[PDB]
Amino acid sequence: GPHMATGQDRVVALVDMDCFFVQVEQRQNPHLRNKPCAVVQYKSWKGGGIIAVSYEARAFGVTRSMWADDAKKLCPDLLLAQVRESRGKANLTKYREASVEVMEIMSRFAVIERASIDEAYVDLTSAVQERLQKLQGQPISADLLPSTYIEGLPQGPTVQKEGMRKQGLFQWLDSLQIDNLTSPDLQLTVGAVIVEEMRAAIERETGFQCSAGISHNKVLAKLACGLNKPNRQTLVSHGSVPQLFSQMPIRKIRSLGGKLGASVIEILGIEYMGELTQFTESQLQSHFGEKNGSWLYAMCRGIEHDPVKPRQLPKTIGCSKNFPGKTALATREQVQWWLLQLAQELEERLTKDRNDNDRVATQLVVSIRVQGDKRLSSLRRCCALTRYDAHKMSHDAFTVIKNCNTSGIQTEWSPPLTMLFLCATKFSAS
DNA sequence: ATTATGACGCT
DNA sequence: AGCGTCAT
Ligand SMILES: Nc1nc2c(ncn2[C@H]2C[C@H](O)[C@@H](COP(=O)(O)NP(=O)(O)OP(=O)(O)O)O2)c(=O)[nH]1
Ligand SMILES: [Mn+2]
Ligand SMILES: [Mn+2]
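Going by the entry's author numbering, the letters in the first sequence line up with residues -2 to 154, 160 to 432, in that order.
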């Protein structure tokens, strides 16, 4: 009872940009704004592959991973923006630079954990304590939460979406105990006020809209963020978890959408996250390992301890290109030319990284996939990265992979290569 | 012939 | 170190 820690110590937010690459292109090209729009890479094969979709286009069924030609069958007026091509490959520099814009704004409010090109976690615990001090016990006005949903409300004792949002927010605020500076629900509410301010700053200073989740840990904050996109934020309280998880398919939790989540479902004969509560910690550890078992035992109760890491920058910088079907690399000249193309992009990104961030990569990882292998990587080899020079890096990558070529002929490459991947790792302060 | 990444756990 | 998983 009283000693049963409830994982309510922290206030954690997850901010995720809405249809991010689409918004970057819509900012640049006003003709694309407020339209069914998608971003594609390449064009020749089936119109290119869609990687981002505006909410207007999603209403027609357009999704990521869809070929543009098929998307056009669902949405004939779909507008398309193509990712830049440089050195024969997709070049995502524009979106990385836009990401840096957003991360630098978020960092004004708290130390952030960059989790992807378009999202970051925020530990707002200390900022919340400060704002609570400033409030001096003053209640929180609904006017300070103009885009916030409270998950699970309204309940009990109404036709429009905004009206439902305001009803739930009123029920939440009316039940708040604001004389207690240690009430977790109050702390979450102040966190949501701060996140409204952060999201307002992002939109004012970049033009980009985003959604967010506010809860007591990273997994619940990420889930919350998804609940009401686009352009809204959602508060998931500790008390909302039993109802939320009672119908939540296990795969919707981050980390359980693959083989492990399938094994939870099959071994235990359950469907929903809430059903996990009936098992002991030891039972879950016996099926899924000590670490996964403890994580599942806590997570189905709304509890997770993974910290928001103080990391605004990516840990690795990588360049990769697939060579599908008849485009697979089958000569030594081809392999060297594309290694050089990847290495040149890598050199340019690394040199800019060193200038901006006062650090140097020290290890080069070379990954390839060979024809007939379904795995992502057929082989990974590391070597030393001592100079930011594309010719040296491509020569070294060739040296570490060249023993892959089973062809006796010096010129041919067999079996052909369907992917090259260069990734710079192990950064040191320079 | 989804693609280009990036994080992280395991042994 | 190299591989596998999850993600998207
Ligand atoms: N190259 C590449 N980029 C991708 C891929 N998948 C996503 N991206 C890029 C394009 C995406 O814009 C961006 C962010 O990914 P999300 O947050 O998962 N999706 P979004 O922000 O579009 O919509 P929502 O409002 O639902 O969050 O990452 C991929 O497979 N390949
Ligand atoms: Mn997003
Ligand atoms: Mn995202």
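C-beta atoms are modelled at their ideal positions from N, C-alpha and C, and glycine is treated no differently.
Tell me the rounded alpha-carbon separation between residue i and residue j.
i, j, result
"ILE269", "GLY276", "16 Å"
"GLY44", "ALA139", "47 Å"
"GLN343", "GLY304", "47 Å"
"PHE290", "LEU89", "38 Å"
"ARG361", "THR208", "27 Å"
"residue 442", "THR333", "There is simply no residue 442 to check, as the chain begins at -2 and stops at 432 in what is shown."
"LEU262", "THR3", "25 Å"
"residue 158", "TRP339", "Note on the chain: numbering goes from 154 to 160 directly, and residue 158 within that interval has no coordinates."
"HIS397", "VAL368", "11 Å"
"residue 157", "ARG81", "The chain lacks coordinates between 154 and 160, the interval that contains residue 157."
"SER409", "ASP66", "38 Å"
"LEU387", "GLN189", "47 Å"
"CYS34", "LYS91", "18 Å"
"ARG61", "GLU349", "30 Å"
"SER430", "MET395", "18 Å"
"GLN79", "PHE423", "22 Å"
"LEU150", "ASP13", "23 Å"
"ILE267", "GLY259", "11 Å"
"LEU341", "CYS425", "12 Å"
"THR184", "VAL221", "22 Å"
Buried or exposed: which applies to residue i, given that a residue is buried once 16 or more other Cβ atoms fall within 10 Å of its Cβ?
i, result
"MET301", "buried"
"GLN152", "exposed"
"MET103", "buried"
"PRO136", "exposed"
"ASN405", "exposed"
"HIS393", "exposed"
"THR329", "exposed"
"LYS70", "exposed"
"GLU199", "exposed"
"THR401", "exposed"
"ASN219", "buried"
"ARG7", "buried"
"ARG105", "exposed"
"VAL161", "exposed"
"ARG377", "exposed"
"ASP308", "exposed"
I'd like the span of the beta strand (DSSP E) that includes residue i, first residue to last.
i, result
"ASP120", "116 to 120"
"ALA214", "212 to 217"
"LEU278", "Segment: none, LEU278 is in no beta strand (DSSP E) and carries neither H nor E."
"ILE370", "361 to 372"
"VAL36", "34 to 38"
"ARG111", "109 to 113"
"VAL80", "Element bounds for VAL80: n/a, residue is neither H nor E."
"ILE147", "145 to 147"
So the candidates are the options; which of them puts its Cα closest to the Cα of residue i?
i, options, result
"residue 159", "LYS168, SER265, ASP176, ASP181", "Gap note for the chain: numbering proceeds from 154 to 160 with nothing in between, so residue 159 has no coordinates."
"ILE109", "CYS384, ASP391, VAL9, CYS227", "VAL9"
"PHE17", "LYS69, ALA107, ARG334, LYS231", "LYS231"
"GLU306", "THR329, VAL243, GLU350", "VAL243"
"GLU335", "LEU419, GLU283, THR364", "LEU419"
"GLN346", "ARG371, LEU331, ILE319", "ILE319"
"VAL125", "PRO186, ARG383, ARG84, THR364", "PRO186"
"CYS321", "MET421, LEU11, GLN25, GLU101", "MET421"
"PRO326", "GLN5, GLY259, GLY295, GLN373", "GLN373"
"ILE196", "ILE370, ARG356, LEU129, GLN25", "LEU129"
"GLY193", "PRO309, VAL119, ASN31, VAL337", "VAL119"
"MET166", "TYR146, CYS384, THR427, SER217", "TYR146"
"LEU121", "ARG256, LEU11, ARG383", "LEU11"
"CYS385", "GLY58, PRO154, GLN412, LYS428", "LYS428"
"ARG356", "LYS317, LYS131, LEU331", "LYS317"
"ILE252", "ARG111, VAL19, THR236, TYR274", "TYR274"
For the alpha helix (DSSP H) that contains residue i, what are its first and last residues?
i, result
"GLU101", "90 to 103"
"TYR52", "52 to 55"
"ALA10", "Note, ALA10: premise wrong, no alpha helix (DSSP H); beta strand (DSSP E) at 9 to 14."
"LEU262", "261 to 270"
Practice task
Report the residue ranges of all alpha helix (DSSP H) runs contained in full by the stretch 378 to 415; include only those spanning at least 4 residues, in chain order.
Solution key: 392 to 403
Practice task
Only counting runs of 3 or more residues, tell me where the beta strand (DSSP E) segments fall wholly within the stretch 176 to 217, in order along the chain.
Solution key: 212 to 217
Exercise for the section: Report the residue ranges of all beta strand (DSSP E) runs contained in full by the stretch 302 to 342; include only those spanning at least 3 residues, in chain order. Expected result: 319 to 324, 331 to 333
Practice task
Please go through the stretch 220 to 255 and give each complete alpha helix (DSSP H) segment of 4 or more residues, from N-terminal end onward.
Solution key: 220 to 229, 243 to 248
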